[PDB]
Each structure stands twice: as structure tokens, then as C-alpha cells.
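For the single chain, residues carry numbers from 1 onward in sequence order. In each ligand, atom 1 is the first atom listed, and ligand 1 is the first ligand listed. For the numbers below, each heavy atom of this structure counts, side chains included, while hydrogens, waters and symmetry mates do not.
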Amino acid sequence: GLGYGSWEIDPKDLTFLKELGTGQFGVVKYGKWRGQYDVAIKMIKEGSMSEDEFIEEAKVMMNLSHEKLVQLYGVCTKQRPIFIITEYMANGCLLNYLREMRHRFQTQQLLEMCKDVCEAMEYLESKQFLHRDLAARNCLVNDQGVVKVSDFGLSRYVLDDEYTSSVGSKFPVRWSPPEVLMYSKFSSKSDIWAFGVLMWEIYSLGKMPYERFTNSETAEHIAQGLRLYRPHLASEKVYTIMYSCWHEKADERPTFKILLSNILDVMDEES
Ligand SMILES: Cc1cc2cn[nH]c2cc1-c1cccc2c(N)c(C(N)=O)nnc12
């Protein structure tokens with residue numbers, strides 16, 4: 001206990017159980033903390049992350065807590081193959097979950113997934129905290145089918161320039177508003193735009209946005225004012241909500257509070 005701050009977990013308290021998946025920072029495993037408590041263990045790949053900057057930020061992140069936000073439990077920082085310890089989400093990433101056709105989702109379930117994400121985002125917005133890479137790949141699903149937002153703010157610590165350059169091979173072009181693509185203008189309203197694309201992913205059962213276009217073509221399409229169109233499973237009212245997130249003028253896009261109200265209105269009207 002001596003060597004440890006309140007944000008610090010002793011890796012010796014971890015039992016490793018199975019691999020859950022991978023991503024920009026490498027592998028995530030399911031484990032137990034002190035033999036009893038389910039955790040996910042993000043095993044940060046050497047050289048992938050600005051670790052000292054992240055660790056400072058982790059202290060701020062420890063204080064972010066909302067039922068629809070994947071909880072940060074702590075960090076293992078005395079090693080430099082460092083670990084991030086988070087809430088365990090048994091059903092994995094939302095993108096893979098949507099793509100499993102066996103679920104045979106009702107549209108009521110799809111709207112609930114949108115509301116789960118919108119609640120987390122309204123909370124982050126109230127803390128003036130940008131996600132910066134909102135997308136289905138960064139949402140997770142627990143054993144109860146509840147969707148939670150994960151990896152919020154972590155793009156700030158990615159060392160791979162292919163991910164951080166707007167013309168990089170790995171930049172999230174398809175989730176970005178014109179002002180991000182054109183002049184790197186990030187704001188609450190770029191999270192709003194990404195949330196609209198996320199609603200589109202959900203109602204499309206995990207199709208890739210602009211699936212027939214390259215990133216370069218997508219950037220041209222959207223800068224010209226053209227947009228994604230209505231997924232078959234989206235009602236007119238649902239489509240109106242997602243489309244509102246894509247106003248060319250950022251200041252004409254809603255807040256997450258307004259989106260949440262609109263989503264609840266639709267739940268009352270079409271459930
Ligand atoms: C969501 C995610 C992000 C990153 C970034 N680097 N490596 C990553 C791995 C994942 C990821 C993929 C698939 C499943 C999970 C998962 N079940 C959990 C979890 N907390 O249970 N966390 N991350 C996952």
C-alpha cells in the first residue's frame with residue numbers, strides 16, 4: 001500500500017482469466033481483482049501511448065462516474081508495460097454486437113442503446129469533457145445488454161501519427177464534421193456530429209458509414225454538404241434526430257441534453 005496513490009492499483013492483486021479484444025493500445029483481458037471483483041485489464045502496448053500525460057489525466061478521469069460510462073478503477077503505473085483497469089463489459093464492443101444477426105433486435109432496443117450513449121455523453125458534456133473519438137467501436141455492452149461509453153478522451157495520448165493526422169490512414173474521417181476535417185476544429189459539436197454517426201451505425205446494425213467510399217471521398221462528400229441517409233430501421237423521427245447532428249454550421253447542432261430529450265420524446269411516441 002505504501003507505494004500507491006488513490007489512482008493506483010497493485011498489479012499483484014490481479015488474476016488474468018481470458019482475452020476480451022484488441023485496439024489502438026493493444027490487448028484487453030478479463031480478470032479478477034483481489035480474487036473476487038470482475039475487471040477489464042487494458043495492457044497498454046509499449047510505445048503506443050503518451051503514458052506520463054495519460055497518468056496525470058487518469059487522476060481527473062477517476063472522478064468521472066456515471067452509470068452509462070465505463071468506470072475507470074485505477075492504473076498500474078510502476079512498470080511501463082502499464083495497465084488501465086476498468087469496468088468489465090461481458091458482451092464486448094457495440095460494433096461487433098450490432099453485427100451479430102442472431103440478436104434479431106427490435107427498434108425499441110436500438111433506441112435504448114442510443115439513449116444509453118446519450119446519457120453518458122450528456123454527463124461528459126456537463127463536465128466539459130470531450131470524448132474526441134465517439135463511435136460504436138468505443139462503446140461496450142455489459143451482461144445485461146446495457147451500452148456504455150468507453151475510452152473517452154484517450155485519443156489525446158495516441159503516439160501513432162496515422163491516427164492523429166487528419167489525413168492519416170487511421171484518423172476517424174467517417175465520424176468527423178467538416179470543421180474537423182478542414183481545420184482541426186474540435187469542440188462539443190464535433191462529439192455531437194460523431195454521436196449522429198453512432199446513431200446511424202446502431203440503426204444500420206453496424207454497417208460502415210459511407211461504406212462505398214474511401215476516406216478521401218467521404219471527406220469530399222461531407223465537405224460538399226452531402227450526408228448519410230436514413231437506415232431502413234430508423235423511423236422518420238429517429239432519422240430527424242441523427243440528421244440534426246450533421247448541420248454544416250456547428251452552432252446549429254443540438255446539445256446532448258437536447259438530444260436526450262428528443263430521444264425520450266420518441267420513446268414515448270413510438271413505444
Ligand atoms: C473498446 C476497446 C478499446 C481499445 C483500445 N485499445 N485496445 C482496446 C480494446 C477495446 C476492447 C475491445 C473488445 C472488447 C473490450 C471489452 N470487453 C472491454 C471491457 N471493458 O470489458 N474493454 N475493451 C474492449
Do any nitrogen or oxygen atoms of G26 lie less than 3.5 angstrom from nitrogen or oxygen atoms of ligand 1? yes
Checking the N or O distance criterion of under 3.5 Å, is ligand 1 in contact with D151? no
Closest protein heavy atom to atom 14 (C) of ligand 1, given as residue, atom name and distance to 0.1 Å: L20 O, 3.5 Å
What's the shortest heavy-atom distance between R227 and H247, and which atoms? NH2-C, 4.2 Å
Measuring from atom CH2 of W193 to atom SG of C245, what distance do you get when rounded to the nearest 0.5 angstrom? 9.5 Å
Are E19 and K29 ion-paired here, with the side-chain N under 4.0 Å from a carboxylate O? no
Interfacing atoms of ligand 1 (cut-off 4.0 Å, heavy-atom, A40): 19 (C), 20 (N), 21 (O)
Give me the ring orientation class for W246 and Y243: parallel if the planes are under 30° apart, tilted from 30 to 60°, perpendicular past 60°. perpendicular
Close side-chain approach of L154 and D133, heavy atoms under 4.5 Å: no
Distance filter under 4.0 Å to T86 heavy atoms, resulting ligand 1 atoms: 20 (N)
Angle class for the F105/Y97 ring planes (parallel below 30°, perpendicular above 60°, tilted otherwise)? tilted
When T15, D38, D13 are each screened for side chain to side chain donor-acceptor pair (under 3.5 Å) with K32, the one that passes is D38
For ligand 1, indicate whether the residue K42 contacts it via side chain, backbone, both or neither (heavy-atom separation under 4.0 Å). side chain
Residue and atom name of the nearest protein heavy atom (relative to atom 17 (N) of ligand 1), distance in Å to one decimal: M89 O, 3.2 Å
Do you know which two heavy atoms are closest between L98 and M113, and how far apart they sit? CD2-SD, 3.9 Å
Side chains of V238 and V266: does their closest heavy-atom pair fall under 4.5 Å? yes
Which ligand 1 atoms does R137 reach within 4.0 Å, using its non-hydrogen atoms? 1 (C)
Is the shortest side-chain heavy-atom distance between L14 and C76 below 4.5 Å? yes
Checking heavy-atom distances from atom 24 (C) of ligand 1 to each of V27, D133, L140, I85, the winner is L140
Do any N/O atoms on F25 end up under 3.5 angstrom from N/O atoms on ligand 1? yes
Relative to the heavy atoms of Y88, which atoms of ligand 1 are at a distance of less than 4.0 Å? 21 (O)
For ligand 1, which atoms sit closer than 4.0 Å to a heavy atom of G92? 17 (N)
Heavy-atom nearest option to atom 9 (C) of ligand 1, drawn from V141, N91, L95, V28: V28
Which of the atoms of ligand 1 are close to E87, meaning less than 4.0 Å from one of its heavy atoms? 19 (C), 20 (N), 21 (O)
Region of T22 engaging ligand 1 - heavy atom pairs below 4.0 Å: backbone
